[PDB]
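Examining the three-dimensional arrangement
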Amino acid sequence: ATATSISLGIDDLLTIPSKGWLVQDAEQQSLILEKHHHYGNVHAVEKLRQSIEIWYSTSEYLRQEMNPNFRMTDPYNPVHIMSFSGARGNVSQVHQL
Amino acid sequence: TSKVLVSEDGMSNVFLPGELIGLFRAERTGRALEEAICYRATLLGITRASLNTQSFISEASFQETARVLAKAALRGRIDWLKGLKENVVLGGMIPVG
Amino acid sequence: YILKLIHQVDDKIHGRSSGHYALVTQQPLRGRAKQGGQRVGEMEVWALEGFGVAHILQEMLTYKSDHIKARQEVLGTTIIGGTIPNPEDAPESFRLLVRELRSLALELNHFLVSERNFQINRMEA
Amino acid sequence: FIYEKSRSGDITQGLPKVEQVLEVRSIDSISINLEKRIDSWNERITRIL
Amino acid sequence: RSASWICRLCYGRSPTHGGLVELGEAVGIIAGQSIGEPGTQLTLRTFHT
Amino acid sequence: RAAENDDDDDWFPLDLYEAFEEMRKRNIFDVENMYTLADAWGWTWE
Amino acid sequence: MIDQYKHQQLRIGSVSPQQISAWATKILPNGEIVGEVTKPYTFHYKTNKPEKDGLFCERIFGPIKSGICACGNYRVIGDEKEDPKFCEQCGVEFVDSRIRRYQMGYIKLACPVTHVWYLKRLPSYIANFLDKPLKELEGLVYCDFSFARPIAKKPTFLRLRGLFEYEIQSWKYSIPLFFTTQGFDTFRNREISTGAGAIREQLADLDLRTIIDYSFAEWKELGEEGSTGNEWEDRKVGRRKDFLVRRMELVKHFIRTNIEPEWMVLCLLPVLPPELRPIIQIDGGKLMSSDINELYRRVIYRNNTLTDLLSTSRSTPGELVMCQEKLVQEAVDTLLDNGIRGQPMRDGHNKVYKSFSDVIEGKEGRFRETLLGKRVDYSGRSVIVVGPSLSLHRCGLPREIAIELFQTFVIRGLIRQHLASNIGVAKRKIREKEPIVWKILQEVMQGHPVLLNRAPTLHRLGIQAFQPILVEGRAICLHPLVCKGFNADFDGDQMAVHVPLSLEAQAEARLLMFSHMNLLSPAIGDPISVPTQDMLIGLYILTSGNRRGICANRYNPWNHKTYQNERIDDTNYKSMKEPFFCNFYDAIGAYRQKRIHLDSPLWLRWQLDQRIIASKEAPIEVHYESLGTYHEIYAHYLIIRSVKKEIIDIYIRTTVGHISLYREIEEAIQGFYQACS
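Residues numbered from 1 in each chain as written, not as in the entry; some residues may be left out. Chains lettered and ligands numbered in written order. Part of a larger assembly, values for the part shown. Heavy atoms only, no water.

For this entry, the PDB record names cryo-EM as the structure determination method and reports a resolution of 3.16 Å.

Let's shift gears to the overall build of chain E. For chain E, the count of helices and strands is 2 helices and 2 strands. Written out in order from the N terminus, the α and β elements of chain E read β-β-α-α. Each principal axis of the C-alpha distribution contributes one length, and for chain E these read about 45 × 25 × 15 Å. Out of the 49 residues belonging to chain E, those deemed buried represent 27%. Accessible surface, chain E as shown: approximately 3600 Å² in total, 61% of it carbon and sulfur. (Helix = DSSP H or I, 4+ residues; strand = E, 2+ residues; numbered from the N terminus. Buried < 20%, exposed > 50% of the residue type's maximum accessible area, 1.4 Å probe, protein only. Areas by Shrake-Rupley, 256 points an atom, 1.4 Å probe, with all protein chains shown as cover.)

Each helix and strand in chain F was counted, giving 1 helix and 0 strands. On the principal axes, the C-alpha backbone points of chain F span a range of 55 × 25 × 15 Å. Roughly 4500 Å² of accessible area belongs to chain F as shown, and the carbon and sulfur atoms make up 54% of that amount. Treating the 4 positive side-chain charges of chain F as one cloud and the 14 negative ones as another, the clouds have centres 5 Å apart. (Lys, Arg positive; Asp, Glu negative; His and termini not counted. Charge placed at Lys NZ, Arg CZ, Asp CG, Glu CD.)

Contacts between the two partners involve 4 residues from chain E, matched on the other side by 4 residues from chain C. When chain E packs against chain C, the two sides together hide about 290 Å² of surface, and 61% of this comes from carbon and sulfur. Counting across the interface, chain E meets chain C through 0 salt bridges. Taken together, the links from chain E to chain C amount to 1 residue pair in polar contact. Each residue belonging to the side of chain E that touches chain C can be placed in one class, and the counts come to 3 nonpolar, 1 polar and no charged. (Contact = heavy atoms within 4.5 Å. Buried area = accessible area lost by both parts, 1.4 Å probe. Salt bridge = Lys/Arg side-chain N within 4 Å of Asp/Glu carboxyl O. Polar contact = N/O pair within 3.5 Å; in protein donor to acceptor, adjacent residues only side chain to side chain. Nonpolar A, V, L, I, M, F, W, Y, C, P; charged D, E, K, R; others polar.)

Residue and element names in this part refer to chain G. Taken together, the 6 strands give an open sheet; going across it, the order is β14-β15-β19-β18-β17-β16, and neighbouring strands pair in mixed fashion. Since the sheet does not close on itself, it has two edges, and those belong to β14 (580-581) and β16 (621-623), each with one partner. Across 4 bridges, the pairing between strand β15 (residues 602-605) and strand β19 (residues 649-654) is antiparallel. Its bridge partner lying in β19, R605 is registered against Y651. (Pairing = 2+ DSSP bridges.)

With that settled, the discussion passes to the interface of chain C and chain G. On the chain G side, the residues contacting the 75 residues of chain C number 83 residues. Of the roughly 7700 Å² buried between chain C and chain G on both sides combined, carbon and sulfur atoms contribute 60%. Applying the counting rule to chain C against chain G returns 3 salt bridges. The partner of G:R366 in a salt bridge is C:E100, and the shortest N-O contact between them spans 3.5 Å. Where chain C packs against chain G, one counts 38 residue pairs in polar contact. Elements with a minimum of two residues in the side of chain C that touches chain G: β1 (39-40), α1 (43-50), α2 (54-59), α3 (62-66), α4 (68-79), α5 (92-102) and β2 (109-111) of chain C. When residues of the side of chain C that touches chain G are assigned to their parent elements, the largest contribution, 10 residues, is made by α5(C). Broken down by class, the residue content of the side of chain C that touches chain G amounts to 34 nonpolar, 23 polar and 18 charged.

Tracing the backbone through its elements, the reader meets G:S600 in the loop between α20 (584-592) and β15. Within the structure, the side chain of G:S600 is placed 2.7 Å from the backbone oxygen of G:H597, a separation counted as a polar contact.

This brings us to a negative patch on the surface. Together, D:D28, D:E35, D:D39 and D:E43 make up a region of like negative charge exposed at the surface. Take D:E43: it is sitting in helix α2 (residues 34-44). (Patch = residues over 30% accessible without salt bridge, like charges linked within 9 Å, V, L, I, M, F, W, Y side chains within 5 Å.)

Along any regular strand the residues' side chains alternate between the sheet's two faces. Residues and elements named next belong to chain G. As judged from the 2 bridges shared by β14 and β15, these two strands associate in the parallel manner. Each residue of the ladder has a partner; that of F580, found in β15, is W603. Between the parallel pair β14 and β15, the chain is carried across by α20, and the sense of this crossover is right-handed. (Right-handed = clockwise from strand over helix to strand, strands pointing away.)

Let's shift gears to a nonpolar patch on the surface. On the surface, B:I46, D:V18, D:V21 and D:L22 cluster together into a nonpolar patch covering about 330 Å² of accessible area. Inspection of the secondary structure assignment puts D:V18 in helix α1 (residues 15-22). When its relative accessible area of 42% is taken as the criterion, D:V18 is described as partly exposed.

Moving on: the packing of helix α8 (residues 208-223) of chain G against helix α9 (residues 231-255) of chain G. All names here are of chain G. Here α8 crosses α9 at 155 degrees, and the two axes come no closer than 9 Å. Taken together, the axes of α8 and α9 lie roughly antiparallel to each other. α9 is crossed by α8, and the crossing has left-handed handedness. Contacts between α8 and α9 pair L208, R209, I211, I212, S215, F216, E218, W219 and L222 from the former with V237, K241, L244, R247, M248, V251, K252, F254 and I255 from the latter. (Axes fitted to C-alpha atoms, helices over the stretch in contact; angles between N-to-C directions. Parallel < 35°, antiparallel > 145°, perpendicular 65-115°, else oblique. Left-handed = near helix turned anticlockwise from the far one by under 90°.)

This part is about unusual backbone geometry. All names here are of chain G. A positive phi is found at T181, a non-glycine position, where the angle reads about 70 degrees. Within the secondary structure, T181 is located in the loop between α5 (175-178) and α6 (185-188). Positive phi is not limited to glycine here, since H418 has a value of about 60 degrees. The residue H418 is located in the loop between α14 (407-416) and α15 (423-431) in this model.

Turning next to the sheet that holds strand β1 (residues 78-79) of chain B. The antiparallel open sheet is built from 3 strands, whose spatial order is β1(B)-β1(G)-β2(C). This sheet does not close on itself; its edge strands, each paired only once, are β1 of chain B together with β2 of chain C. Relative to strand β1 (residues 9-11) of chain G, β2(C) is paired through 3 bridges, and the arrangement is antiparallel. Pairing of C:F111 across the sheet is with G:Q9, part of β1(G).

Our next topic: the arrangement of the chains. Looking at the 13 pairs of chains with contacts, the pair that accumulates the most is chains C and G. In this view chain A stays clear of chain F, with the nearest C-alpha atoms of the two still 24 Å from each other. Left apart from each other, chain D and chain G have a closest C-alpha approach of 16 Å.

Turning our attention to the side chain of G:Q407. In this fold, G:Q407 is placed in helix α14. At 3.5 Å, the side chain of G:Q407 forms a polar contact with the side chain of C:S17. Those residues in contact with G:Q407 that sit more than four places away from it in its chain are C:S17, G:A402 and G:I430.

What follows deals with α1(C). All names here are of chain C. Counted residue by residue, α1 has 6 buried out of 8 residues, so it is predominantly covered. When α1 is considered as a whole, its buried residues turn out to be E44, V45, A47, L48, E49 and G50. A positive phi of about 65 degrees marks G52, the residue just after α1.

Any two aromatic rings considered together are summarised by their centre-to-centre distance and by the angle between their planes. Residue and element names in this part refer to chain G. Tallied over the full model, the rule gives 15 aromatic pairs over all chains. Measuring from ring centre to ring centre gives 4.9 Å for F43 and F56, while their planes differ by 35 degrees; the resulting arrangement is tilted. Of this pair, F43 sits in the loop between α1 (17-24) and β2 (105-114) while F56 is found in the loop between α1 and β2, placing the two residues 13 residues apart along the sequence. Residue classification places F56 among the buried positions, given a relative accessible area of 4%. Measuring from ring centre to ring centre gives 5.3 Å for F129 and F254, while their planes differ by 70 degrees; the resulting arrangement is edge-to-face. Highlighted residues: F129 in helix α3 (residues 125-130) and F254 in helix α9, separated in sequence by 125 residues. (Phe/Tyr/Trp six-rings, centres within 6.5 Å; stacked < 30°, edge-to-face > 60°.)

On to the packing of helix α2 (residues 44-64) of chain A against helix α3 (residues 66-73) of chain A, then. Residue and element names in this part refer to chain A. Running from N to C, α2 and α3 cross one another at 30 degrees; their axes reach a closest spacing of 4 Å. In terms of axis orientation, α2 runs roughly parallel to α3. For the pair α2 and α3, contact is made by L62, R63 and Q64 and by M66, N67 and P68, respectively. Partitioning the contact of α2 with α3 into residue classes produces 3 nonpolar, 2 polar and 1 charged.

Counting through the fold element by element, G:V237 comes out in helix α9. Residues G:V237 and G:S14, 223 residues apart in the sequence, show an inter-C-alpha distance of 33 Å.

Next comes the structure, spelled out in structure tokens:
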């Protein structure tokens with residue numbers, strides 16, 4: 001663990017490539033629904049029941065796509081080795097960074 | 001779950017009703033005696049099961065010290081020093097290991 | 001930018017072979033200013049009972065604690081050298097216990113009914 | 001407006017649940033099923049035997 | 001056949017040394033601790049979020 | 001007052017089922033442990 | 001196999017007044033007893049010396065100094081031999097002042113006193129004993145709004161009995177026309193007593209066997225009634241039946257025991273030894289007394305006032321005697337169990353006193369931590385650092401801590417080796433940090449285990465024995481593997497050390513609490529010391545393999561080219577391929593020269609059976625020459641069989657990391673086996 005050595009920089013925190021589209025699309029549906037909510041198309045509960053569901057589904061989709069991204073493109077990323085080997089760091093904890 | 005409670009109308013002369021004798025205590029004598037034994041059941045809690053112990057010293061150092069000591073003194077209870085807390089209280093050697 | 005904190009090691013070291021004892025409980029006083037001894041209680045005892053060690057648990061309550069007459073004798077048999085003898089009388093904690101249970105008009109009598117003669121050997125307390 | 005949510009996994013669900021079941025204040029661990037059995041036995045003991 | 005103690009064979013293998021439980025083991029103390037320690041993972045496991 | 005998961009897992013019916021073997025092989029109706037209650041000493045004698 | 005029988009006992013019960021008198025009263029050779037402690041003289045207003053017949057009465061207790069009597073003379077005794085037990089005028093023994101903390105005081109209240117526990121608490125046993133409502137007896141005393149009638153041995157020529165009736169303002173001058181009419185003591189003092197006296201006499205009157213018979217008859221009468229028609233009737237029978245059952249239980253317990261009921265209404269009050277309730281002597285005259293002294297002083301002063309009023313009967317008064325007697329009773333009530341009554345008395349700080357029950361009951365009082373949590377000698381706190389060089393059976397103690405724990409064993413080492421003569425000389429040599437002192441405190445510690453204890457103990461493995469060694473610094477070095485056993489990090493934590501002195505205790509510590517026979521947790525039987533974060537990452541990086549596919553070659557290896565192609569096999573032959581090392585140590589040697597990297601693949605000949613975990617699998621390509629060659633290529637190993645004999649060509653594709661790990665484990669086993677013979 002010394003001769004090889006490991007360290008945490010800024011570019012080793014590798015966000016999955018598809019986050020750029022998923023967050024943008026999640027914002028569009030939040031913009032459209034909040035724009036129709038002022039038109040009377042939907043009621044308050046429907047707006048509440050959806051703004052909780054896009055961001056929960058999107059967040060839980062990035063979390064399940066984290067390891068397949070790490071395990072295929074950058075198998076030796078310092079964040080991946082630290083958590084996938086079971087040393088320190090949950091899958092949820094890595095999801096925060 | 002190891003102790004039964006002598007239900008009402010089970011006076012006889014050995015088990016006064018309201019007593020909380022053990023399960024074997026009741027089932028061995030029921031096979032021999034012929035009065036109204038008439039116990040039912042107790043699923044005593046983790047607190048109540050420790051207050052009905054064979055040694056008053058252990059109970060007195062757990063909860064309701066004044067009541068336990070008063071009842072033991074009025075009855076004239078005898079502790080035979082078979083547990084681990086009582087022998088620690090007296091400074092004597094515990095009978096384990 | 002790294003700082004240096006106030007919890008320094010020289011403010012946390014300790015060591016005590018013997019010394020001052022409390023007037024009533026007859027135990028090492030407290031902490032480091034009074035040259036006290038480290039306390040063992042509850043969970044600690046539960047560990048020692050778990051390991052099945054009886055002499056170790058016994059000597060942390062009689063010898064290195066309340067015994068008026070046994071601390072002096074371990075000091076004596078430890079300055080010079082001998083086989084440390086197991087104590088007979090209960091520590092002064094039990095004596096204090098029987099003392100304030102006497103103040104409430106209650107008894108607490110020990111007995112040593114012999115297995116070979118059935119002769120009562122009531123201890124004095 | 002009223003919406004029903006849908007949590008209700010169970011009231012207490014950790015140490016407090018273990019404390020509740022271990023500390024048998026009222027017998028209500030599975031008494032939606034257990035109390036029925038116990039009362040049925042206590043009323044059906046008197047039989048042919 | 002008793003409630004104030006236990007048997008070597010009515011207990012089983014000792015979980016610490018891979019054999020029959022030895023005479024004079026405080027199995028009552030071991031049972032209490034091993035179901036109390038975990039109790040704080042219901043906390044330690046929550047001590048990350 | 002409780003989340004009735006219910007989820008009946010290992011319960012048993014409120015009937016006379018499983019007479020000879022009460023709960024798996026738990027308590028067979030002995031009829032040999034307790035005639036001696038009246039045979040070893042006097043119960044059947046009267 | 002007859003077991004080692006051991007019959008021990010611990011009884012408890014109420015004391016008779018004669019028992020207290022025998023406990024406390026000490027009779028001098030002149031014939032005086034003087035155990036009453038008449039005056040509430042805590043300490044002289046003069047020199048802080050107490051006083052005769054006071055809270056710190058030296059006449060009843062022992063001497064305040066070993067050998068010094070009340071007057072001041074000293075007698076050399078030092079032995080249990082021919083010596084005057086009492087110093088004539090002093091009447092005080094010269095034995096040590098230990099008897100100060102064991103002597104028992106004793107006072108007499110000129111009125112019977114009901115014990116608080118048996119009267120004020122939940123279902124008081126007095127109510128069940130007399131088969132009377134609690135309000136009735138609570139009005140007999142304390143409130144004093146009653147006049148009880150004790151049925152006893154004496155005849156009852158006075159017409160009828162009555163039970164009690166005194167709460168009407170008309171009774172001030174209504175009954176005197178009907179009452180007395182012939183003397184005062186010859187009518188009022190014959191019977192109809194008030195206060196606790198009537199209660200105690202009633203306790204001394206009823207026959208237990210008749211009570212058992214009557215309660216059995218009442219139980220039979222109650223059991224033969226159907227009822228079950230009204231909810232009030234539903235719940236009325238049950239409480240009365242339970243009352244009867246506990247009544248016969250208590251009566252039967254009384255019948256076959258050495259305890260008399262009259263003892264619950266005590267008449268003689270024991271007094272706690274003085275030394276256990278001392279007054280702290282501070283420089284300048286400051287005194288930190290005990291509240292126990294305050295309640296005791298109040299009780300004895302009010303009892304003295306009672307004795308003065310009663311002994312001066314002559315012109316007998318009325319409600320004044322009752323008022324003062326019940327004030328004395330309430331004072332004793334407060335002394336015994338304060339905080340349980342309606343009005344808790346408070347001292348000069350708006351704070352309730354620490355009652356005897358308060359000392360007995362509580363997580364900080366008695367029976368909770370004084371008899372369980374005991375500070376011990378040969379102990380010392382520290383701070384914890386990590387030592388990776390330590391073995392599993394070893395810890396590290398600071399030089400400052402060790403000298404203050406093994407001081408006495410070093411005194412051995414100095415005295416026995418004749419490098420010192422006396423205890424004072426040895427301690428002086430210790431205090432000056434002589435260079436030979438550490439040679440002793442490196443010589444008596446080898447083989448003497450020490451128990452390390454993490455202050456916030458959580459599980460069974462929070463206390464463990466270790467073989468200490470002397471380290472330079474001020475911190476205890478701890479093995480990293482046992483850290484999760486202690487659940488200890490290194491952000492700043494403290495560890496307490498203890499030294500077992502007894503030979504048996506040392507055997508226990510060495511043979512039962514060492515971290516090489518406690519490698520499994522008792523929960524389910526899982527390892528408790530496993531390579532954690534840093535070691536785990538090291539081992540994972542070691543056993544990580546090469547780059548399998550497209551991450552090792554830019555272009556496809558199909559790529560029909562680079563064959564050195566011509567009509568004959570006589571061309572340039574480089575064939576870099578992978579190294580063909582003979583065995584492990586050849587591979588490690590070639591790795592040391594930096595010829596190959598850690599994850600660079602290589603071929604290693606195998607001279608054993610199959611060890612690598614395989615499965616149903618399939619050989620990717622098995623070449624077969626026209627002559628028997630059986631060239632088989634599996635997923636990760638190559639087998640060259642034949643048609644005659646000698647199937648020994650097993651070759652494994654591997655990296656130096658896996659070889660290193662396997663060699664480490666193998667040589668560790670084969671070194672432990674041969675080191676231990």
